Structure formats: structure tokens, C-alpha cells
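In what follows, a structure is listed as C-alpha cells, so that the remarks can point back to it.
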Amino acid sequence: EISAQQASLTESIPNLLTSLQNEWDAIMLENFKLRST
Amino acid sequence: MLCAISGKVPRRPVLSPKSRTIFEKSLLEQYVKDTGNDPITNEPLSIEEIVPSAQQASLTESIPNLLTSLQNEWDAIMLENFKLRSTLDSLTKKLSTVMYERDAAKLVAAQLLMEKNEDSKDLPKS
Amino acid sequence: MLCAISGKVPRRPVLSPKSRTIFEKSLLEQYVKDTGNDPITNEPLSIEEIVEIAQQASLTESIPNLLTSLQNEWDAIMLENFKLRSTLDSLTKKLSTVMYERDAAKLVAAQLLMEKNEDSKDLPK
Amino acid sequence: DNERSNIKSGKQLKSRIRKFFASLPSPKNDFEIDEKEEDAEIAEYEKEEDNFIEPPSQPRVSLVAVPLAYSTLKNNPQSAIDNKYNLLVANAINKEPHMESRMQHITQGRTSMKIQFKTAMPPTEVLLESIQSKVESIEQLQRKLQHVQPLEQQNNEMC
Amino acid sequence: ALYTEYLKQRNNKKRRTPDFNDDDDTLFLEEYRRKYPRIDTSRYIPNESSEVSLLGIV
């Protein structure tokens, strides 16, 4: 075994709805497009 | 971002494989040439021991970072419940003793209302 | 089986030595970082005091639905936390109404004892 | 003068001095329609549609009153623990039925929505002013990785 | 299937709209908005405390 900071957005509801939705969209449409490649 | 030996921003970072820590190559090289050791743990290390591929990364921002976020949410809210579980056990304990002292006292109010009126009923008749 | 802070099944439980209580490593650490104490007994305890001490995986059933489950479960826990806090405020509120009556009653006994004392003097005459 | 202040603060009120209401003569009128009426007037007096008046009633007489009632009051500990569990079940039953009253909660939220979202919008716009600049700083730097990577592969490929 | 069809699964579009004088259903929906708004206002407090220091460090 061998700190990282992410600044949680000012408008941080969205984490359940909008952010999580985009993450599984971005995972889905990339790997499908990667399978196409 | 820092070198653990000097404390500067290392311009050629090389990570060791015995005490996992980012050292500056020019600094750690001299440490190894002094004696074959890792500066932190004093375990053996050589220059060849000191050191992604094809998958492209993007910076750590607000899926895995989102999942560890939701742990922070729930783990904090779980402590919020303790503040109200612990405080409830004090209020109900004070309520139990309060209602018991109320129930033990109101029997004495009922007897004094009897006795003071009975003394007025007795005395006025005489 | 249950950590006595959150209510979870602990995945890295740690026991306090000042009071016999298996907590979860994450939750006990946050409490000690807030104030150096044990949450149950309020005894002086530290992080080095802790001694690090069943795992059965949930197979939900036969993914878009699992999105809405997690939504509902957070939606439920939010209300299960809310309902438990308004109840705490109203049990304390109704407790405060009892304390006023408790102390108001023992003032009314003082006047009733005077009426008894006045009566005992008149009876003797 | 220090001794006299110690006598007045302690003998002011047991509930008021220790820890935590609106004035209601109609509630006192509705509750009556004798001990309940005595505590109602006691609450209206200490608090001072509200008239104040009682200020000659509320230390030695209270101590003897407390010592006498203590004399009148394992088996007693279990009867209090059982009754406390019964009232706890009644408190959990009154809460489960609810989840007139609904209009008050929505208005409580409208206060929150107002108070909180105004704070949110101020916290947001204060942050945004400072952080939209730093977002652009951070986000335009991210785009540099996406070009620093894409060139990397073509050079590796060509290498 | 999601990528092929080009359709993302719908999330809970409920918390945002709601309505006053509803029923037992909107009594829940209302009480949801409160707790999350308090969590929100607490979630904006610990951000503003550090403020721009946490951002510029990243």
C-alpha cells in the first residue's frame, strides 16, 4: 500500500436523480460505442 | 505532489516498492548510493527496485467518487439518529420519574382536600 | 450482530475497552474526533484504545428497477429519521408541561396545609 | 446582595430555571369546561391576548412540601419501567397513524423553502462568483488531458 | 439494451413538483422536502466554511 480532493459542486436531489443518471448513461453509451470500435 | 525526504515539489518522481511513498529520483538515488535502504521504513531497496497503459483516465470529480459520497451521507445521518436516540432515553427517563412523582403526590392532594374540608365540616357543626 | 450507533451490520467492527460495546470503525472514529469519549458510557476513550474485532451477501433477486429501489429506500429513511425527531421534541414538550404542574401542585399543597393548620387551632378552642 | 439573588433565582420557578408556549385564555377556558386550572394560571404568570397579574406566591415552605411528599412516595422501579414502555408504544402509535394537520407541515416547509433556499441562493451565488471562475480554471484544464491523451496514443502508435 | 435503444431509465421526478393541500401521499412528499432541504442547507454550510480553499487545492 502507498490525499485527493474533489470540490463537490455548489448545487449538490441532484446526486440521487441527475448525477447518478448521467453516470450510468455515460457508462452505457461508451462501452456500447467501444464494442462498436 | 511533495517529496517526503526534502519537502520540495519533485521534478522527477519515482515511487519505491517497499515503503510506498513518492520520492524525487535525484534525492532518493543519493540515499540508495549512501546505503541500500528506503529512507522511511529502513527496509532494503536498490535503484532498480525504484520505479497507466492503454485505458484513458479522467480527473477525480464529484461513479466511484459518487458512491463514496453516499457513504458519507448515510454514515453522518446514522450519527444524527444517535443524538436523538440518546436524548430520548434521558427525556423518557425523566418523564417516568416525573409522572411517578405526580402519581405519588396527587394521592396526597386528594387526602388534604378531604382532611381540610373534613376539619371545616367538623368544626363548623360544633 | 448490530453496531450500537447506526444499526448496520458492521463490516469492520471495533470494540471499546472502557465499555463493552462493539461499534463500527468508521462511526466510532468520527465520534472520538468530535470529542474523546464513548457514546454510551461517556468514559474517556481514544482511538488507540479500540481493539479491532457472519458476512452473508444479499442476492436481491432477478437493474432499472434497482435504481428506483434505492430512490425509495432513501426516500423512506429520510421520513423514518424525520418522524423520530418530531416525536423527541414533543415528548420533551409534554414533559415540560408535567414539570409546571408538578411544581404548581406543591404550591397548592402549602395553602391546603394552612387551611388544615387553621382548622386544628379552631378545634382545640 | 449575592445571597438575596441566590434565593430569588432558585425560588422563581422549577421548570423555568431548569430548561424548556403561547398565551391562551381560551385554552384555559376550554380545558376547564381544579388542579388543571391552578397550573394554567401558574403558566400564564411565569411567562410574563395575555394579561399578567399573579406576582405574590412563589423557599422554606417549598422545601418542607418536597420533603413531606417524598416520604409519602425494586417493585416501584419495575412499575415505572412498564408504564414507560406503554407510553412509548402509545407515542409510536400516534406517529404511525399520521404518516388540518397536513396544512401546517406544508406551511412549515414554505418557511423553510423560503429561509433555506434564500440562504442556498446566497451561498450558491457567493460560491458561484468565486467558483465558476475556478470551475472554468479546473474544467479548461480537464480538456487539456483529453488532448494530451489523444496525442499520446498517436505518438505511441507511430513510435 | 439501454445503449442500443438509446433510452435512459426514468428517475424519481417527484420531489421537485408536489402540491399543498394534498392528502396522506403529499403529507409524505412534503415531509421529504423538509429533511432534504435541511440536509441541503447543512451541505452548503460545510462547503462555504472552507469555500474556495478546497477548490484551489484540487
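How things are named: the first chain in the C-alpha cells is A, the next is B, and so on; residues count from 1 in each chain; ligands count from 1 in the order shown.
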
All residues 12 Å or closer to residue B:84, only C-alpha atoms, same chain fewer than 3 positions away omitted, as a ChimeraX atom specification:
/B:77-81,87-92 /C:5-6,81-89,91-92

Write out the residues from the selection above, keeping N, CA, C and O atoms, as a JSON list (two decimals), in the first residue's frame.
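In the end it all went to part-v7.json:
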[["chain", "number", "residue", "atom", "x", "y", "z"],
["B", 77, "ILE", "N", -25.70, 10.64, 8.80],
["B", 77, "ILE", "CA", -27.11, 10.58, 9.20],
["B", 77, "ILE", "C", -27.37, 9.52, 10.28],
["B", 77, "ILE", "O", -28.31, 9.64, 11.07],
["B", 78, "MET", "N", -26.53, 8.48, 10.31],
["B", 78, "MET", "CA", -26.62, 7.44, 11.31],
["B", 78, "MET", "C", -26.22, 7.96, 12.69],
["B", 78, "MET", "O", -26.77, 7.51, 13.69],
["B", 79, "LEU", "N", -25.25, 8.87, 12.73],
["B", 79, "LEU", "CA", -24.86, 9.55, 13.97],
["B", 79, "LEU", "C", -25.91, 10.57, 14.42],
["B", 79, "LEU", "O", -26.08, 10.80, 15.62],
["B", 80, "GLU", "N", -26.60, 11.17, 13.45],
["B", 80, "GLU", "CA", -27.73, 12.06, 13.73],
["B", 80, "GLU", "C", -28.84, 11.34, 14.47],
["B", 80, "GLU", "O", -29.55, 11.97, 15.27],
["B", 81, "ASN", "N", -29.02, 10.04, 14.21],
["B", 81, "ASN", "CA", -30.02, 9.23, 14.88],
["B", 81, "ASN", "C", -29.64, 8.95, 16.33],
["B", 81, "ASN", "O", -30.53, 8.83, 17.17],
["B", 87, "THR", "N", -30.81, 11.15, 23.54],
["B", 87, "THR", "CA", -31.59, 12.23, 24.16],
["B", 87, "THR", "C", -33.02, 11.81, 24.50],
["B", 87, "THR", "O", -33.63, 12.40, 25.40],
["B", 88, "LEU", "N", -33.55, 10.83, 23.76],
["B", 88, "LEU", "CA", -34.87, 10.27, 24.03],
["B", 88, "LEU", "C", -34.86, 9.42, 25.29],
["B", 88, "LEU", "O", -35.85, 9.39, 26.03],
["B", 89, "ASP", "N", -33.74, 8.73, 25.54],
["B", 89, "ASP", "CA", -33.59, 7.87, 26.72],
["B", 89, "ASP", "C", -33.38, 8.65, 28.01],
["B", 89, "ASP", "O", -33.51, 8.07, 29.09],
["B", 90, "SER", "N", -33.06, 9.94, 27.91],
["B", 90, "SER", "CA", -32.96, 10.84, 29.06],
["B", 90, "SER", "C", -34.31, 11.48, 29.35],
["B", 90, "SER", "O", -34.69, 11.60, 30.53],
["B", 91, "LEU", "N", -35.02, 11.88, 28.29],
["B", 91, "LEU", "CA", -36.31, 12.55, 28.44],
["B", 91, "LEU", "C", -37.37, 11.60, 28.96],
["B", 91, "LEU", "O", -38.14, 11.97, 29.85],
["B", 92, "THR", "N", -37.42, 10.39, 28.40],
["B", 92, "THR", "CA", -38.36, 9.36, 28.84],
["B", 92, "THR", "C", -38.07, 8.85, 30.25],
["B", 92, "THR", "O", -38.99, 8.41, 30.96],
["C", 5, "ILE", "N", -24.60, 2.26, 17.06],
["C", 5, "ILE", "CA", -24.53, 3.68, 16.67],
["C", 5, "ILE", "C", -25.52, 3.93, 15.52],
["C", 5, "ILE", "O", -26.42, 4.76, 15.64],
["C", 6, "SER", "N", -25.33, 3.21, 14.42],
["C", 6, "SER", "CA", -26.16, 3.34, 13.22],
["C", 6, "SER", "C", -27.32, 2.35, 13.21],
["C", 6, "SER", "O", -28.47, 2.72, 12.97],
["C", 81, "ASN", "N", -36.28, 9.06, 9.67],
["C", 81, "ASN", "CA", -35.42, 9.91, 10.50],
["C", 81, "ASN", "C", -36.17, 11.15, 10.98],
["C", 81, "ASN", "O", -35.94, 11.62, 12.10],
["C", 82, "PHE", "N", -37.05, 11.67, 10.12],
["C", 82, "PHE", "CA", -37.85, 12.86, 10.42],
["C", 82, "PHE", "C", -38.90, 12.60, 11.50],
["C", 82, "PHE", "O", -39.05, 13.40, 12.42],
["C", 83, "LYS", "N", -39.63, 11.49, 11.35],
["C", 83, "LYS", "CA", -40.69, 11.10, 12.27],
["C", 83, "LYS", "C", -40.16, 10.87, 13.68],
["C", 83, "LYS", "O", -40.87, 11.11, 14.66],
["C", 84, "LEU", "N", -38.93, 10.36, 13.78],
["C", 84, "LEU", "CA", -38.29, 10.07, 15.05],
["C", 84, "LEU", "C", -37.74, 11.30, 15.77],
["C", 84, "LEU", "O", -37.40, 11.21, 16.96],
["C", 85, "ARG", "N", -37.68, 12.44, 15.08],
["C", 85, "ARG", "CA", -37.17, 13.66, 15.67],
["C", 85, "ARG", "C", -38.24, 14.63, 16.17],
["C", 85, "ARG", "O", -38.04, 15.32, 17.17],
["C", 86, "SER", "N", -39.36, 14.67, 15.45],
["C", 86, "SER", "CA", -40.52, 15.45, 15.90],
["C", 86, "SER", "C", -41.19, 14.83, 17.14],
["C", 86, "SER", "O", -41.80, 15.54, 17.94],
["C", 87, "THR", "N", -41.06, 13.52, 17.27],
["C", 87, "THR", "CA", -41.53, 12.75, 18.43],
["C", 87, "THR", "C", -40.68, 13.05, 19.66],
["C", 87, "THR", "O", -41.20, 13.07, 20.77],
["C", 88, "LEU", "N", -39.38, 13.27, 19.46],
["C", 88, "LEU", "CA", -38.45, 13.62, 20.53],
["C", 88, "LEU", "C", -38.74, 15.01, 21.06],
["C", 88, "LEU", "O", -38.64, 15.24, 22.27],
["C", 89, "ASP", "N", -39.09, 15.94, 20.16],
["C", 89, "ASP", "CA", -39.37, 17.32, 20.53],
["C", 89, "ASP", "C", -40.69, 17.44, 21.28],
["C", 89, "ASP", "O", -40.81, 18.28, 22.18],
["C", 91, "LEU", "N", -42.20, 14.83, 23.01],
["C", 91, "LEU", "CA", -42.10, 14.12, 24.30],
["C", 91, "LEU", "C", -41.38, 14.95, 25.35],
["C", 91, "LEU", "O", -41.69, 14.84, 26.54],
["C", 92, "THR", "N", -40.43, 15.77, 24.91],
["C", 92, "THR", "CA", -39.76, 16.77, 25.76],
["C", 92, "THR", "C", -40.72, 17.92, 26.08],
["C", 92, "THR", "O", -40.68, 18.45, 27.19]]

Where in chain E does DSSP assign helix (DSSP H, G or I), given as a PyMOL selection string?
chain E and resi 2-5+24-43+45-50+53-57

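Compared by their closest atoms to chain C, and using only C-alpha atoms, the residues D:157, D:136, D:39, D:1 rank with D:39 nearest.
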
Chain A residues near chain B (8 Å cut-off, only C-alpha atoms) as a PyMOL selection string:
chain A and resi 1-2+4-9+15+20+23

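We find atom CA of residue C:7 and atom CA of residue C:56 to be spaced 16.5 Å apart.
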
Using only C-alpha atoms, which residues sit within 12 Å of residue C:124 once same-chain residues fewer than 2 positions away are excluded, as a PyMOL selection string?
(chain B and resi 119+122-123+126) or (chain C and resi 117-122)

Give me, as a ChimeraX atom specification, the contact residues of chain D against chain B at a cut-off of 7 Å, counting only C-alpha atoms.
/D:69,73,80,84

Dump of N, CA and C atoms for the selected residues, as a PDB file, in the first residue's frame:
ATOM      1  N   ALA D  69     -43.769  15.174  50.718  1.00  0.00           N
ATOM      2  CA  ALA D  69     -44.238  14.375  49.578  1.00  0.00           C
ATOM      3  C   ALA D  69     -43.310  13.232  49.239  1.00  0.00           C
ATOM      4  N   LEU D  73     -44.301   8.995  49.027  1.00  0.00           N
ATOM      5  CA  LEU D  73     -43.976   8.175  47.856  1.00  0.00           C
ATOM      6  C   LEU D  73     -43.144   6.982  48.254  1.00  0.00           C
ATOM      7  N   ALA D  80     -42.574   1.576  37.006  1.00  0.00           N
ATOM      8  CA  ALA D  80     -42.256   2.784  36.244  1.00  0.00           C
ATOM      9  C   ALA D  80     -41.657   2.463  34.896  1.00  0.00           C
ATOM     10  N   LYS D  84     -43.563   3.236  31.327  1.00  0.00           N
ATOM     11  CA  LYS D  84     -42.768   3.990  30.345  1.00  0.00           C
ATOM     12  C   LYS D  84     -42.730   3.318  28.995  1.00  0.00           C
TER      13      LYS D  84
END

Got a sec to pull out which chain C residues are within 9 Å of chain E, counting only C-alpha atoms, and send them as a tab-separated table (two decimals) with C-alpha atoms, in the first residue's frame?
chain	number	residue	atom	x	y	z
C	64	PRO	CA	-33.56	-0.05	-13.97
C	65	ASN	CA	-35.82	-1.19	-11.08
C	67	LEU	CA	-32.45	2.47	-9.44
C	68	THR	CA	-35.98	3.17	-8.20
C	71	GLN	CA	-34.61	6.03	-4.57
C	72	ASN	CA	-37.48	4.67	-2.46
C	75	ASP	CA	-36.99	8.41	0.44
C	76	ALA	CA	-38.16	6.12	3.28
C	78	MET	CA	-35.48	10.39	5.20
C	79	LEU	CA	-39.01	10.14	6.66
C	81	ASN	CA	-35.42	9.91	10.50
C	82	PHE	CA	-37.85	12.86	10.42
C	83	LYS	CA	-40.69	11.10	12.27

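For the choices B:25, B:125, B:116, B:8, the atom-to-atom distance to chain C is smallest for B:116 when using only C-alpha atoms.
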
When the cut-off is 7 Å and we count only C-alpha atoms, which residues of chain C are near chain D, given as a PyMOL selection string?
chain C and resi 96+99-101+103-104+106+110

Output N, CA and C atoms for every residue in the selection just made, as a PDB file, in the first residue's frame.
ATOM      1  N   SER C  96     -42.241  18.934  29.737  1.00  0.00           N
ATOM      2  CA  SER C  96     -42.149  20.272  30.329  1.00  0.00           C
ATOM      3  C   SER C  96     -43.483  20.755  30.896  1.00  0.00           C
ATOM      4  N   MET C  99     -43.804  19.209  34.416  1.00  0.00           N
ATOM      5  CA  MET C  99     -42.937  19.842  35.410  1.00  0.00           C
ATOM      6  C   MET C  99     -43.579  21.095  36.009  1.00  0.00           C
ATOM      7  N   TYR C 100     -44.329  21.826  35.184  1.00  0.00           N
ATOM      8  CA  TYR C 100     -45.057  23.007  35.638  1.00  0.00           C
ATOM      9  C   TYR C 100     -46.180  22.610  36.583  1.00  0.00           C
ATOM     10  N   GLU C 101     -46.900  21.543  36.237  1.00  0.00           N
ATOM     11  CA  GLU C 101     -47.981  21.040  37.079  1.00  0.00           C
ATOM     12  C   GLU C 101     -47.454  20.421  38.370  1.00  0.00           C
ATOM     13  N   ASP C 103     -44.686  21.350  40.053  1.00  0.00           N
ATOM     14  CA  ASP C 103     -44.277  22.437  40.940  1.00  0.00           C
ATOM     15  C   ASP C 103     -45.435  23.362  41.319  1.00  0.00           C
ATOM     16  N   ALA C 104     -46.451  23.441  40.457  1.00  0.00           N
ATOM     17  CA  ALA C 104     -47.664  24.204  40.738  1.00  0.00           C
ATOM     18  C   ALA C 104     -48.534  23.520  41.786  1.00  0.00           C
ATOM     19  N   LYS C 106     -47.416  21.458  44.280  1.00  0.00           N
ATOM     20  CA  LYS C 106     -46.752  21.554  45.583  1.00  0.00           C
ATOM     21  C   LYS C 106     -46.768  22.970  46.193  1.00  0.00           C
ATOM     22  N   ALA C 110     -49.377  23.863  50.008  1.00  0.00           N
ATOM     23  CA  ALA C 110     -48.968  24.759  51.077  1.00  0.00           C
ATOM     24  C   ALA C 110     -50.152  25.543  51.622  1.00  0.00           C
TER      25      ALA C 110
END

Check every residue of chain E for an atom within 12 Å of chain B, counting only C-alpha atoms, and provide those that qualify as a PyMOL selection string.
chain E and resi 35-36+38-40+42-43+55+57-58

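Atom to atom, atom CA of residue D:144 and atom CA of residue B:51 stand 26.0 Å apart.
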
Distance filter 12 Å, only C-alpha atoms, chain D against chain A, as a PDB file with N, CA and C atoms, in the first residue's frame:
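Contents of the output file selection.pdb:
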ATOM      1  N   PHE D 117     -33.769  28.208   0.979  1.00  0.00           N
ATOM      2  CA  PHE D 117     -33.430  28.446  -0.423  1.00  0.00           C
ATOM      3  C   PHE D 117     -32.879  29.849  -0.672  1.00  0.00           C
ATOM      4  N   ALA D 120     -29.530  29.295   0.434  1.00  0.00           N
ATOM      5  CA  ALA D 120     -28.910  28.479  -0.609  1.00  0.00           C
ATOM      6  C   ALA D 120     -28.502  29.337  -1.798  1.00  0.00           C
ATOM      7  N   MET D 121     -29.424  30.186  -2.265  1.00  0.00           N
ATOM      8  CA  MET D 121     -29.169  31.072  -3.387  1.00  0.00           C
ATOM      9  C   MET D 121     -28.071  32.072  -3.068  1.00  0.00           C
ATOM     10  N   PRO D 122     -28.008  32.531  -1.789  1.00  0.00           N
ATOM     11  CA  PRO D 122     -26.915  33.427  -1.391  1.00  0.00           C
ATOM     12  C   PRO D 122     -25.604  32.658  -1.293  1.00  0.00           C
ATOM     13  N   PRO D 123     -25.661  31.436  -0.701  1.00  0.00           N
ATOM     14  CA  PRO D 123     -24.466  30.597  -0.629  1.00  0.00           C
ATOM     15  C   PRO D 123     -24.023  30.174  -2.020  1.00  0.00           C
ATOM     16  N   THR D 124     -24.983  29.893  -2.897  1.00  0.00           N
ATOM     17  CA  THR D 124     -24.693  29.470  -4.271  1.00  0.00           C
ATOM     18  C   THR D 124     -24.033  30.606  -5.061  1.00  0.00           C
ATOM     19  N   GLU D 125     -24.688  31.768  -5.098  1.00  0.00           N
ATOM     20  CA  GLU D 125     -24.198  32.906  -5.870  1.00  0.00           C
ATOM     21  C   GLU D 125     -22.882  33.462  -5.337  1.00  0.00           C
ATOM     22  N   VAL D 126     -22.662  33.354  -4.024  1.00  0.00           N
ATOM     23  CA  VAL D 126     -21.381  33.715  -3.419  1.00  0.00           C
ATOM     24  C   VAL D 126     -20.300  32.720  -3.831  1.00  0.00           C
ATOM     25  N   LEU D 127     -20.649  31.434  -3.780  1.00  0.00           N
ATOM     26  CA  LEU D 127     -19.749  30.371  -4.229  1.00  0.00           C
ATOM     27  C   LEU D 127     -19.533  30.483  -5.733  1.00  0.00           C
ATOM     28  N   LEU D 128     -20.626  30.511  -6.500  1.00  0.00           N
ATOM     29  CA  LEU D 128     -20.574  30.632  -7.961  1.00  0.00           C
ATOM     30  C   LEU D 128     -19.647  31.744  -8.445  1.00  0.00           C
ATOM     31  N   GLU D 129     -19.745  32.926  -7.840  1.00  0.00           N
ATOM     32  CA  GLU D 129     -18.895  34.057  -8.205  1.00  0.00           C
ATOM     33  C   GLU D 129     -17.422  33.722  -8.040  1.00  0.00           C
ATOM     34  N   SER D 130     -17.096  33.021  -6.950  1.00  0.00           N
ATOM     35  CA  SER D 130     -15.732  32.602  -6.646  1.00  0.00           C
ATOM     36  C   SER D 130     -15.350  31.299  -7.392  1.00  0.00           C
ATOM     37  N   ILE D 131     -16.331  30.412  -7.586  1.00  0.00           N
ATOM     38  CA  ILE D 131     -16.081  29.029  -8.005  1.00  0.00           C
ATOM     39  C   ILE D 131     -16.391  28.749  -9.478  1.00  0.00           C
ATOM     40  N   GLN D 132     -17.255  29.552 -10.110  1.00  0.00           N
ATOM     41  CA  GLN D 132     -17.438  29.466 -11.562  1.00  0.00           C
ATOM     42  C   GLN D 132     -16.162  29.838 -12.304  1.00  0.00           C
ATOM     43  N   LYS D 134     -13.147  29.367 -10.849  1.00  0.00           N
ATOM     44  CA  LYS D 134     -12.305  28.209 -10.549  1.00  0.00           C
ATOM     45  C   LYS D 134     -12.777  26.924 -11.235  1.00  0.00           C
ATOM     46  N   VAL D 135     -14.066  26.873 -11.586  1.00  0.00           N
ATOM     47  CA  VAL D 135     -14.628  25.773 -12.380  1.00  0.00           C
ATOM     48  C   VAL D 135     -14.036  25.838 -13.772  1.00  0.00           C
ATOM     49  N   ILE D 138     -10.577  24.858 -13.657  1.00  0.00           N
ATOM     50  CA  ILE D 138     -10.460  23.420 -13.462  1.00  0.00           C
ATOM     51  C   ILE D 138     -10.974  22.652 -14.678  1.00  0.00           C
TER      52      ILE D 138
END

Counting only C-alpha atoms, which residues of chain A come no farther than 10 Å from chain C, as a PyMOL selection string?
chain A and resi 13+16-17+20-21

Dump C-alpha atoms for the selected residues as a PDB file, in the first residue's frame?
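The resulting file, result06.pdb, is shown below:
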ATOM      1  CA  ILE A  13     -31.869  15.546  -5.048  1.00  0.00           C
ATOM      2  CA  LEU A  16     -29.819  10.848  -6.499  1.00  0.00           C
ATOM      3  CA  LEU A  17     -31.524  11.951  -9.740  1.00  0.00           C
ATOM      4  CA  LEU A  20     -26.360   9.253 -10.882  1.00  0.00           C
ATOM      5  CA  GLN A  21     -28.426   9.101 -14.089  1.00  0.00           C
TER       6      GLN A  21
END
